[PDB]
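Q: So I've got this experimental structure, pasted below with the sequence.
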Amino acid sequence: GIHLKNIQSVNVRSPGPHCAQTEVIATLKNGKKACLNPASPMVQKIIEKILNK
Amino acid sequence: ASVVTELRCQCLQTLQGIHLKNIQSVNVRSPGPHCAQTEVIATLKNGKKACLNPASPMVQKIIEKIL
Amino acid sequence: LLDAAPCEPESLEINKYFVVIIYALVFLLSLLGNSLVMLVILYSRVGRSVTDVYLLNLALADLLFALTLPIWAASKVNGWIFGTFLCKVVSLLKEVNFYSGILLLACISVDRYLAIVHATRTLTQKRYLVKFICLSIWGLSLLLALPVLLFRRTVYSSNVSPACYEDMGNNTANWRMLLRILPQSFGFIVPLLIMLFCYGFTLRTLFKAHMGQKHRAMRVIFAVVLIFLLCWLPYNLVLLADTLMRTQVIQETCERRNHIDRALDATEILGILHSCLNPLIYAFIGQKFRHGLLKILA
């Protein structure tokens, strides 16, 4: 449950040979990388708001 | 890895119409100190990189389909 | 139009390795020179003329700038790994000392103009306000350096290592471009105009007299002006080119981006030489300082 104001960027990695599960990695303003659950609609909402930004 | 005195937008032109069958991953950067616009960068399976227009509904549809 | 694609950045090892040596050498020379000048000025209280105070303040500014150099060299090496507080403090100190150094050069030029062209008139007596003028210059430098303190932090990116950049919000790029006007106006154009005017009239009045040492003074003035130009003009021109490119006046391309980045770094290296060179051009080229330094060896 990372707040929007702290998210700097989002990277979405699709399934591949090295990983069978979709990954969402959020890079925060403080430089720490966090993992997000793809199934959570909050991530999709965050992405939509960022795109509309 | 590298040192740069000043930061710039990672994209110059804005392409559209990428086939998801070739896309391997997608990165989205909100407008920060780096640049004044939201940037979407798609890395394909062959190692090439492409830039997507944030305003294109097709880009948003592709991103959500990836998720 | 598949030609469009990200412009990957490129970094070299040779520049990293050589820049550290250059910065360390400049640090050593500047430290030694400023120490010598301060020692000479402070040791003896006789003959504490206005130029002595001006040179003392210039030496202090250069000493602080050199003291701040090594952290900047480390940052150039590996990127700013040293947090936010140090980014703010060091950027503040660097910019304050740079502005004060430039404005002190301008003030010394004004003093020479008052003391030569207007030697016979009643205006020259206004050159005994070194204390208040120097205080005003330092205060103006501190006022001008505020934007660095207010909007500087580390920026974490994927392509590039962390940098002690500015973070003004959504439209940070445009605001940074606007803030760049201050270093190029109160830092280059205004002092350049003042120096050119003052030294032009000084040369005009000198060339018409019959003094014995006129030629050496003319050569010294030419040397000072050329050193200032060579030290600062390249960096300012490259910065203006970068501003124009961001404004789309000149076509923007990845090759141009790399070229301008390299030019910015090289011109910053070159312009850093001013702190080391100032003790030689302004102070040690004088007879009084040399005689005093020779005396102090007792």
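A: All right, it came through fine. Residues are numbered from 1 along each chain as shown, chains lettered A, B, ... in the order given.

Q: quick check, stretch C:173-181 touching chain B?
A: Yes. Using Cβ under 8 Å from any Cβ of the partner chain, we find that stretch C:173-181 touches chain B at C:173-174, C:176. No exception for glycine: its C-beta is placed from N, CA and C like everyone else's.

Q: close to chain A, is that stretch?
A: No. Judged by Cβ under 8 Å from any Cβ, stretch C:173-181 stays clear of chain A, getting no closer than 14.8 Å.

Q: Stretch C:81-88 now?
A: No. If you take Cβ under 8 Å from any Cβ as the test, stretch C:81-88 misses chain A, and the best it gets is 9.5 Å.

Q: List the buried residues of that stretch.
A: Of the residues in stretch C:81-88, those buried by neighbour count under the rule 16 or more other Cβ atoms under 10 Å in any protein chain shown are C:82, C:87-88.

Q: Report the distance from stretch C:58-73 to the chain centre.
A: The chain centre lies 11 Å from the centre of stretch C:58-73; the measure is Cα atoms, centre = their mean, to the nearest Å.

Q: Spell out which residues of chain A are next to chain B.
A: Residues of chain A lying near chain B by Cβ under 8 Å from any Cβ: A:7-14, A:16, A:22, A:24, A:38, A:43-44, A:47-48, A:50-51, A:53.

Q: In helices, which of those appear?
A: Those of the residues of chain A next to chain B mapping onto helices are A:43-44, A:47-48, A:50-51, per DSSP state H.

Q: Quick check: of the residues you listed, which lies closest to chain C?
A: Among these, residue A:50 lies closest to chain C (Cβ to the nearest Cβ), at 11.7 Å.

Q: Let me know the distance separating that closest one from residue C:60.
A: 48 Å (Cβ to Cβ, to the nearest Å).

Q: Chain A: strands as residue ranges?
A: Along chain A, counting by DSSP state E, strands occupy A:7-13, A:23-28, A:33-36.

Q: Spatially nearest residue to residue C:108, not counting backbone neighbours?
A: Nearest residue to residue C:108 in three dimensions, chain neighbours excluded: residue C:54, at 5.0 Å (Cβ to Cβ, 6 or more residues apart in numbering or on different chains).

Q: gap between that neighbour and residue C:37?
A: Separation of residue C:54 from residue C:37 (Cβ to Cβ): 11 Å.

Q: Selection in PyMOL covering whichever of the ones in helices among the residues of chain A next to chain B are buried, please.
A: Applying 16+ other Cβ under 10 Å to those leaves a buried subset, and the PyMOL line that selects it is:
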select buried, chain A and resi 43+47+50+51
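
Q: And the ones in helices among the residues of chain A next to chain B, which is closest to residue C:164?
A: Distance to residue C:164, by Cβ to Cβ, is smallest for residue A:50 among these, at 25.3 Å.

Q: can you tell me which residues contact the nearest residue to the closest one once chain neighbours are set aside?
A: Distances taken as Cβ to Cβ, 6+ apart place residue B:30 nearest to residue A:50, at 4.7 Å, with adjacent residues excluded. By Cβ atoms under 8 Å, 6 or more residues apart in numbering or on different chains, the contact list for residue B:30 reads A:7-9, A:50, A:53, B:38.

Q: With residue C:165 instead?
A: B:6-7, B:33, C:152-155.

Q: so after the helix or strand containing it, what's the next helix or strand?
A: If you go by DSSP states H and E, residue C:165 is part of strand C:163-166. Per DSSP H and E, the first helix or strand lying C-terminal to strand C:163-166 is helix C:172-179.

Q: Would you check how far apart residue C:140 and chain B are?
A: 26 Å (Cβ to the nearest Cβ, to the nearest Å).
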